[PDB]
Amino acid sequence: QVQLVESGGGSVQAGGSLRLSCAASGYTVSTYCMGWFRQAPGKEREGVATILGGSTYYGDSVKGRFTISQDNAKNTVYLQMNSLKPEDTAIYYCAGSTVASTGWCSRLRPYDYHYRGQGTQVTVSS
(Lines of atoms letter the chains of each structure in order from A and count residues from 1; the text may use other names and numbers.)
(Lines give C-alpha, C1' and ligand atoms only; values in the text may rest on other atoms or scores of the structure.)
Protein backbone atom coordinates (compact mmCIF):
# COMPACT_ATOMS: atom_id res chain seq x y z
CA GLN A 1 0.00 0.00 0.00
CA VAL A 2 1.13 3.57 0.74
CA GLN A 3 3.44 4.06 3.70
CA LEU A 4 4.72 7.28 5.32
CA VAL A 5 7.56 6.75 7.81
CA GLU A 6 8.80 9.53 10.03
CA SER A 7 12.22 9.46 11.69
CA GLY A 8 14.66 11.95 13.19
CA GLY A 9 12.78 12.67 16.41
CA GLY A 10 14.30 12.43 19.90
CA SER A 11 14.94 14.46 23.06
CA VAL A 12 16.98 17.64 22.80
CA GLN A 13 17.79 20.66 24.90
CA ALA A 14 16.07 23.97 24.31
CA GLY A 15 17.88 26.14 21.74
CA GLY A 16 18.94 23.00 19.82
CA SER A 17 17.96 21.69 16.39
CA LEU A 18 16.60 18.47 14.92
CA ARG A 19 15.83 17.28 11.40
CA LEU A 20 12.74 15.17 10.86
CA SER A 21 12.38 13.05 7.77
CA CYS A 22 9.33 11.58 6.13
CA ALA A 23 10.03 8.75 3.68
CA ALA A 24 7.15 7.88 1.37
CA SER A 25 6.55 4.45 -0.15
CA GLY A 26 4.20 3.95 -3.13
CA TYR A 27 3.53 7.70 -3.38
CA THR A 28 5.63 10.39 -5.10
CA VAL A 29 6.22 13.29 -2.72
CA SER A 30 6.81 16.09 -5.23
CA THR A 31 3.49 15.92 -7.09
CA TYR A 32 1.06 16.36 -4.19
CA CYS A 33 0.57 18.70 -1.25
CA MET A 34 2.28 17.19 1.79
CA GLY A 35 2.85 18.53 5.29
CA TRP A 36 3.55 18.10 8.99
CA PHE A 37 1.12 18.65 11.85
CA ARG A 38 1.86 18.12 15.56
CA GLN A 39 -0.08 17.22 18.70
CA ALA A 40 1.21 18.42 22.07
CA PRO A 41 0.21 16.54 25.21
CA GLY A 42 -3.08 17.84 26.53
CA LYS A 43 -3.79 19.89 23.40
CA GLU A 44 -5.48 19.87 20.02
CA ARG A 45 -3.50 19.17 16.86
CA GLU A 46 -1.93 22.05 14.95
CA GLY A 47 -0.66 22.57 11.42
CA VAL A 48 3.11 23.04 11.24
CA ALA A 49 4.23 23.24 7.61
CA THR A 50 3.04 22.22 4.11
CA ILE A 51 4.76 21.93 0.76
CA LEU A 52 3.77 21.57 -2.89
CA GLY A 53 6.68 21.72 -5.33
CA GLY A 54 8.48 24.96 -4.69
CA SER A 55 5.71 26.47 -2.53
CA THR A 56 6.05 26.30 1.25
CA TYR A 57 3.76 27.39 4.14
CA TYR A 58 4.44 27.58 7.85
CA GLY A 59 2.29 27.85 10.96
CA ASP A 60 2.62 31.33 12.50
CA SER A 61 4.51 30.24 15.64
CA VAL A 62 7.19 28.22 13.80
CA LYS A 63 7.75 30.53 10.84
CA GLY A 64 11.39 31.58 10.68
CA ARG A 65 12.64 28.63 12.81
CA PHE A 66 11.48 25.60 10.77
CA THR A 67 12.11 24.78 7.11
CA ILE A 68 10.27 22.15 5.08
CA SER A 69 11.97 20.82 1.94
CA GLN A 70 11.85 17.73 -0.24
CA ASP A 71 14.30 15.39 -1.91
CA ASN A 72 12.76 13.90 -5.05
CA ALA A 73 15.62 11.42 -5.51
CA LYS A 74 15.08 9.97 -2.03
CA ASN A 75 11.30 10.50 -2.17
CA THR A 76 11.61 12.14 1.27
CA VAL A 77 10.23 15.29 2.86
CA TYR A 78 12.27 16.97 5.59
CA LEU A 79 11.40 19.24 8.46
CA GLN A 80 14.40 21.19 9.71
CA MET A 81 13.67 22.54 13.19
CA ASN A 82 15.91 25.25 14.64
CA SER A 83 15.93 27.06 17.97
CA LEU A 84 13.61 24.54 19.62
CA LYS A 85 11.56 25.57 22.62
CA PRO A 86 9.81 23.51 25.30
CA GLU A 87 6.44 24.46 23.64
CA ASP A 88 7.60 22.57 20.50
CA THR A 89 7.37 19.29 22.45
CA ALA A 90 4.83 17.04 20.69
CA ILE A 91 4.27 14.09 18.39
CA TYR A 92 5.01 15.26 14.80
CA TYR A 93 3.10 13.55 12.00
CA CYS A 94 3.90 13.52 8.31
CA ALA A 95 0.88 13.56 5.93
CA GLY A 96 0.29 13.41 2.16
CA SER A 97 -2.86 14.57 0.37
CA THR A 98 -4.22 13.56 -3.03
CA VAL A 99 -4.36 17.27 -4.03
CA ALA A 100 -2.03 19.32 -6.26
CA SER A 101 -3.62 22.70 -5.58
CA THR A 102 -1.38 25.40 -4.11
CA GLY A 103 -4.42 27.29 -2.74
CA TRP A 104 -5.62 24.21 -0.90
CA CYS A 105 -2.07 23.44 0.35
CA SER A 106 -1.85 27.02 1.73
CA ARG A 107 -4.67 26.40 4.26
CA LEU A 108 -2.09 24.54 6.37
CA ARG A 109 -4.38 21.66 7.45
CA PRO A 110 -2.24 18.51 7.07
CA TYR A 111 -4.38 16.69 9.64
CA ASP A 112 -7.12 16.53 6.95
CA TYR A 113 -4.89 14.81 4.41
CA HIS A 114 -5.60 11.28 3.21
CA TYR A 115 -2.31 9.62 4.24
CA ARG A 116 -0.77 10.06 7.68
CA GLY A 117 2.26 8.45 9.34
CA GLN A 118 2.46 6.95 12.83
CA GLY A 119 4.27 10.09 14.06
CA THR A 120 7.57 10.68 15.88
CA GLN A 121 8.12 12.21 19.29
CA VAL A 122 10.01 15.44 19.73
CA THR A 123 10.79 16.25 23.36
CA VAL A 124 12.47 19.54 24.15
CA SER A 125 13.84 20.03 27.67
CA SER A 126 14.60 23.44 29.15
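Residue numbers here begin at 1 and follow the sequence given.
**Q** Report the stretch with the higher mean CA temperature factor, choosing between 58-66 and 29-37 on the basis of the entry.
**A** Of 29-37 and 58-66, the stretch with the higher C-alpha B-factor average is 29-37.
**Q** Which has the higher mean CA temperature factor in the PDB entry, 43-51 or 87-95?
**A** Looking at the recorded C-alpha B-factors, 43-51 comes out higher on average.
**Q** Sorting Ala14, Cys22, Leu108, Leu18 by Cα temperature factor from the record, which one lands on top?
**A** Across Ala14, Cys22, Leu108, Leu18, the entry lists the biggest C-alpha B-factor for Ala14.
**Q** Pull the Cα B-factor of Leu4 out of the PDB entry and bin it into the chain's lowest, middle or highest third.
**A** Answer is highest: the recorded C-alpha B-factor places it there.
**Q** Which third, lowest, middle or highest, does the C-alpha temperature factor of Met81 belong to within its own chain?
**A** Ranked within chain, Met81 CA B lands in the middle tercile.
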